[PDB]
Amino acid sequence: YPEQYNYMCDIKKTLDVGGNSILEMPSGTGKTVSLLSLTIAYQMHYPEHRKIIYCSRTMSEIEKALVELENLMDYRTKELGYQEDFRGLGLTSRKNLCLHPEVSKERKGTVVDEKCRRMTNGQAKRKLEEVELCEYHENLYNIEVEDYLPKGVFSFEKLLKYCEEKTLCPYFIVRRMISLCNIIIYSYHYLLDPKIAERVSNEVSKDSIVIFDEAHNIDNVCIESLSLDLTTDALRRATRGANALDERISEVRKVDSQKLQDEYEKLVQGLXXXXXXXXXXXXXXXXXXXXXXXXXXXXXXXXXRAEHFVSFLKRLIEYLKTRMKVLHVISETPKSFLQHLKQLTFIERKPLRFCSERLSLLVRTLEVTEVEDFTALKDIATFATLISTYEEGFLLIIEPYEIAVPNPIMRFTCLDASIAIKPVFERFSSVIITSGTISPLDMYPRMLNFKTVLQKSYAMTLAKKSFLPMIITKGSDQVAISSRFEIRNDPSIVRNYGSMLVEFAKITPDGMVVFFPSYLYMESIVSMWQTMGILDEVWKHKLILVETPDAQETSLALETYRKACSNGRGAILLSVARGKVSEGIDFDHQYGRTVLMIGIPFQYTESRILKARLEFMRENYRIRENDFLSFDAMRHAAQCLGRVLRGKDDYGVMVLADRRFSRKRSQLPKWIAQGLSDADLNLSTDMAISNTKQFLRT
Amino acid sequence: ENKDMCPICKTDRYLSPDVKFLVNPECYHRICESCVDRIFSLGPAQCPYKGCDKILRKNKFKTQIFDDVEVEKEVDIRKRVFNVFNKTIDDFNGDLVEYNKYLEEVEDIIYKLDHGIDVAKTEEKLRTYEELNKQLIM
Ligand code: SF4
Ligand SMILES: [Zn+2]
Ligand SMILES: [Zn+2]
């Protein structure tokens with residue numbers, strides 16, 4: 001198609017010249033473009049030069065990229081008849097890419113890597129001075145396994161079944177195949193991870209093309225890289241962890257103190273560099289991204305052992321308990337907090353080097369490690385590494401006392417996001433940035449400063465198949481104003497709005513998905529609604545996303561949606577744009593043909609974080625009180641707009657309330673503003689015009 | 001604790017706890033105001049904290065935010081010895097090996113003091129404190 005062909009030419013010229021490009025792709029028709037453009041762009045140079053580094057935000061997009069990559073393999077193998085070196089490595093979740101926890105553990109928690117470290121330590125201990133090896137090991141590093149992938153694609157599911165048949169473990173296959181430089185499909189939380197980005201950065205060996213897919217929550221991921229809430233219980237886990245460290249000190253000092261002195265000599269002689277250069281296949285700890293930290297010559301507590309580290313650690317956690325037991329409102333400057341700490345007790349600005357080393361020493365002296373104590377020690381260790389370094393833009397904040405019991409909390413505020421993304425513009429080039437929910441695309445040259453080119457979407461045809469109306473008059477124009485407050489006002493008006501949702505849902509009974517700015521309105525209309533005929537006549541049942549989302553509940557709600565729409569029933573999907581699961585799988589009538597939006601998206605205000613980042617961005621780009629109520633809400637609404645668009649062969653309609661939507665842009669800017677009662681008949685005609693123009697335009 | 005803060009005034013929570021609870025550095029024992037004031041007011045004698053025999057002196061008290069007696073003693077002795085040693089063989093030229101070795105010696109001295117060993121090495125550390133003070137006077 002010519003429209004996507006233009007984006008192919010843009011990707012070509014930006015990959016051949018520019019080092020980074022902001023490309024705006026139309027929603028639903030821009031996923032399969034870059035996947036083939038990158039491969040052909042690799043074949044025109046020479047077959048193995050740059051590799052695809054596709055980055056998504058969810059796992060569903062990773063699976064879609066895997067099956068579409070398989071469509072690329074079949075596409076290139078069915079048109080030429082020649083077999084080439086296949087690519088495609090599926091890097092997914094650790095719990096989903098492991099087989100043993102499904103045989104004995106029967107758990108899908110985040111502690112599967114700890115059990116994997118127990119098995120790996122079992123292998124190392126059966127190869128040194130002596131649990132079993134695991135299920136199958138010692139044959140995952142051979143050439144045959146290194147060639148099972150280039151000869152045949154085994155990614156994720158095919159790798160899970162292939163490992164279940166060939167009696168292998170997929171974790172070491174993927175880990176050993178990161179250096180093979182295949183098409184890696186991982187998420188943003190792995191490229192910028194203060195524990196994963198280092199090893200991945202050391203295995204990919206750079207020199208590739210990075211593809212930022214749906215790059216609209218990049219600031220959200222850079223924010224989520226820090227901010228850890230200290231909620232008084234971590235102080236108890238740190239106290240019990242310090243007691244466990246004292247017991248371990250009594251154990252290593254009781255009988256076996258030679259290994260601690262030998263490793264201590266390894267620290268005095270070769271320091272952290274030798275300690276990390278000698279150990280292989282050993283569990284590591286957290287770090288504030290060593291490539292971004294750039295701090296060498298880590299001295300081990302001014303050349304000291306473990307008793308001094310646990311003494312200064314007890315003093316440090318006691319100082320933390322002292323700083324967390326205060327009045328109520330108090331803000332901290334990370335420099336003033338470090339100076340106050342120095343006034344309480346001298347410890348200098350080197351507890352970072354004192355944590356990254358002592359944690360590894362304790363690991364080298366521990367054989368039975370408790371998970372909660374070690375986890376709390378890793379939390380306090382991260383807090384130390386981030387009060388010792390990284391201060392520009394960092395802002396320690398104490399949560400106020402609001403009952404005062406449920407209160408002693410201390411959160412650290414992260415720094416400028418440009419710093420975190422920075423290394424990719426030295427490691428790499430021609431980083432393609434594609435997103436279908438960006439409008440306007442000027443807040444990415446502004447916020448996050450980087451020199452790039454701007455390419456907007458140039459595809460807009462068959463406007464009769466993309467019904468895009470907006471509702472302004474709700475029959476009284478009183479719910480659009482009351483539906484914009486943080487706390488709802490006049491419950492009777494909200495009940496009238498819900499009645500309007502009952503009338504609208506009754507008018508168009510063909511799959512409805514409703515998005516809310518928060519769960520307060522949902523919990524207010526679901527308690528006592530004075531009506532339920534929509535569930536009793538057209539919808540049979542209603543689908544509600546819990547304010548505390550669950551994986552199995554959401555999965556049963558989505559499968560219930562597909563089966564309900566495949567039985568000719570339909571169901572209303574009351575979800576939150578700010579909640580979990582942003583979806584993205586459409587291209588069928590099983591999804592909501594009509595989508596309802598309750599006003600415009602809103603972010604929770606009256607929070608210390610929004611004021612800290614508010615004044616920070618105010619000092620940075622001077623975009624105060626203007627972009628945090630239109631850019632974020634524009635992205636959250638665009639997440640709902642992207643679900644309506646699903647190819648030109650399909651149709652749909654999305655109703656946006658509130659006049660304030662005119663102040664923001666939108667994908668395909670062709671919108672007509674009228675009432676809701678008129679939109680009922682208008683949609684009643686569109687449900688037939690969309691069915692008439694299909695065979696006429698074909 | 002809320003159940004022990006003075007052998008006579010161990011439970012003053014329902015009596016409007018408006019008095020502080022001082023701790024003498026030569027006893028490490030909590031005594032409420034109305035008791036300790038009479039203690040050092042009638043003469044420097046020992047407190048009856050669970051049969052305590054160490055003499056409580058007049059004044060020379062301190063406010064405690066409670067960081068355990070071990071860490072409080074280690075930070076008091078830590079600061080005192082840090083002031084006795086001052087900046088000797090530290091920031092004199094910029095060396096990192098001998099500096100970390102001397103810091104290791106100081107922290108080993110503080111370790112021997114907080115552990116006590118056998119009341120023999122700690123006395124040698126006290127003589128080391130007198131020697132360092134004599135070096136700081138000169
Ligand atoms: S070797 Fe594989 S199956 Fe065994 S614990 Fe590790 S990841 Fe799990
Ligand atoms: Zn008393
Ligand atoms: Zn006493």
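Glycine gets a Cβ as well: all are built from the backbone with ideal geometry, and neighbour counts include every protein chain shown. Coordinate-derived values only; no laboratory data.
Please pick out the residue among A:UNK302, A:UNK282 that is within 14 Å of another protein chain (Cβ to nearest Cβ), outside any helix (DSSP H, G or I) and surrounded by 13 or more Cβ atoms within 10 Å (Cβ to Cβ).
On the way: A:UNK282 fails: within 14 Å of another protein chain (Cβ to nearest Cβ).
Testing whether each residue is within 14 Å of another protein chain (Cβ to nearest Cβ), outside any helix (DSSP H, G or I) and surrounded by 13 or more Cβ atoms within 10 Å (Cβ to Cβ) leaves just A:UNK302.
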So, in the range B:54-73, how many residues would count as being within 13 Å of another protein chain (Cβ to nearest Cβ) and over 11 Å from the mean Cα position of the chain (by Cα)? 6
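Looking at the range A:81-125, which of its residues are more than 25 Å from A:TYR190 (Cα to Cα) and away from ligand 1 (no atom under 13 Å from the Cβ)?
Initially, the range A:81-125 is screened for residues more than 25 Å from A:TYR190 (Cα to Cα), giving A:81-85, A:103-106, A:122-125.
Residues satisfying the conditions are A:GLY81, A:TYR82, A:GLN83, A:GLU84, A:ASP85, A:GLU106, A:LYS125.
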Is it the case that B:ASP76 is surrounded by fewer than 16 Cβ atoms within 10 Å (Cβ to Cβ), within 13 Å of another protein chain (Cβ to nearest Cβ) and either of a type in the set (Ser, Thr, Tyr) or part of a helix (DSSP H, G or I) (or both)? yes
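Quick check: anything in the range A:513-522 surrounded by fewer than 18 Cβ atoms within 10 Å (Cβ to Cβ) and in contact with a helix residue (DSSP H, G or I) (Cβ under 9 Å, 6 or more places away or on another chain)?
Of all residues in the range A:513-522, those surrounded by fewer than 18 Cβ atoms within 10 Å (Cβ to Cβ) come to A:520.
Those still in the list that are in contact with a helix residue (DSSP H, G or I) (Cβ under 9 Å, 6 or more places away or on another chain) too: none.
Scanning the range A:513-522 turns up no residue that is surrounded by fewer than 18 Cβ atoms within 10 Å (Cβ to Cβ) and in contact with a helix residue (DSSP H, G or I) (Cβ under 9 Å, 6 or more places away or on another chain).
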Among the numbered conditions (1) surrounded by fewer than 16 Cβ atoms within 10 Å (Cβ to Cβ); (2) more than 16 Å from A:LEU230 (Cα to Cα); (3) among the acidic types (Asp, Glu), tell me where A:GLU402 comes up short. (2)
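Just give me the residues in the range A:318-352 being basic (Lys, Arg) and more than 10 Å from chain B (Cβ to nearest Cβ), in sequence order. Walk me through it before giving the result.
Of the range A:318-352, the ones basic (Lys, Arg) are A:321, A:323, A:325, A:335, A:342, A:349-350.
Once the filter is applied, which keeps residues that are basic (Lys, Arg) and more than 10 Å from chain B (Cβ to nearest Cβ), the range A:318-352 yields A:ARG323, A:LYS335, A:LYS342, A:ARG349, A:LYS350.
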Just for helices (runs of 4 or more DSSP H) wholly inside the range A:530-634: which have at least 2 residues that are surrounded by 16 or more Cβ atoms within 10 Å (Cβ to Cβ) and of a type in the set (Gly, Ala, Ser)? A:551-565
Would you please name the residue that is farthest from A:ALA306 (Cα to Cα), looking only at residues in the range B:101-136 that are within 14 Å of chain A (Cβ to nearest Cβ) and aromatic (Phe, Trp, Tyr)? B:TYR102
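Here is a check on your reading of the model: is B:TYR49 away from every other protein chain (no Cβ under 14 Å), closer than 30 Å to A:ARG253 by Cα and either within 16 Å of ligand 3 (Cβ to nearest atom) or of a type outside the set (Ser, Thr, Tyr) (or both)? Spell out the reasoning first.
Numbers: away from every other protein chain (no Cβ under 14 Å): yes; closer than 30 Å to A:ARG253 by Cα: no; either within 16 Å of ligand 3 (Cβ to nearest atom) or of a type outside the set (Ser, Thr, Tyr) (or both): yes.
It is false that B:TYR49 is away from every other protein chain (no Cβ under 14 Å), closer than 30 Å to A:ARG253 by Cα and either within 16 Å of ligand 3 (Cβ to nearest atom) or of a type outside the set (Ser, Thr, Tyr) (or both).
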Is there any pair linking a residue in the range B:35-51 that is of a type in the set (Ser, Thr, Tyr) to one that is assigned to a loop (DSSP other than H, G, I, E, B) and within 12 Å of ligand 3 (Cβ to nearest atom), with Cβ under 6 Å and at least six apart or on different chains, and which? B:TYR49/B:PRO7; B:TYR49/B:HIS29
State whether the residues of the range A:124-145 include one that is within 25 Å of A:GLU68 (Cα to Cα) and away from ligand 3 (no atom under 16 Å from the Cβ). yes
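May I ask you to verify whether B:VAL97 is more than 11 Å from chain A (Cβ to nearest Cβ) and hydrophobic (A, V, I, L, M, F, W, C)? Don't jump to the end; show me each part of the working.
Details: more than 11 Å from chain A (Cβ to nearest Cβ): no; hydrophobic (A, V, I, L, M, F, W, C): yes.
No; evaluated as a whole, the condition is false for this residue.
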Across the range A:15-37, the tally of residues that are under 28 Å from A:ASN449 (Cβ atoms) and part of a loop (DSSP other than H, G, I, E, B) stands at 7
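From B:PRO7, B:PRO48, which residue is more than 21 Å from the chain's Cα centre (by Cα) and within 13 Å of ligand 2 (Cβ to nearest atom)? Quick ask: steps written out before the conclusion?
Values: B:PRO48 fails: more than 21 Å from the chain's Cα centre (by Cα).
Within the list B:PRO7, B:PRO48, the selection yields B:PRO7.
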With (1) within 30 Å of A:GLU615 (Cα to Cα); (2) within 9 Å of another protein chain (Cβ to nearest Cβ); (3) not hydroxyl-bearing (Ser, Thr, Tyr) as the list, and A:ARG315 as the residue in question, which single condition is left unmet? (1)
Are any of the residues in the range A:133-149 away from ligand 2 (no atom under 16 Å from the Cβ), within 30 Å of A:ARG57 (Cβ to Cβ) and loosely packed, with under 15 Cβ neighbours inside 10 Å? no
Would you check if there is a residue in the range A:405-413 being part of a loop (DSSP other than H, G, I, E, B) and among the hydroxyl-bearing types (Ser, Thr, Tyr)? no
Among the residues of the range B:39-49, are any assigned to a loop (DSSP other than H, G, I, E, B) and touching an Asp or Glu at 6+ places or on another chain (Cβ under 8 Å)? no
Scan the range A:353-360 and give yes if some residue there is part of a helix (DSSP H, G or I) and surrounded by fewer than 18 Cβ atoms within 10 Å (Cβ to Cβ), otherwise no. no
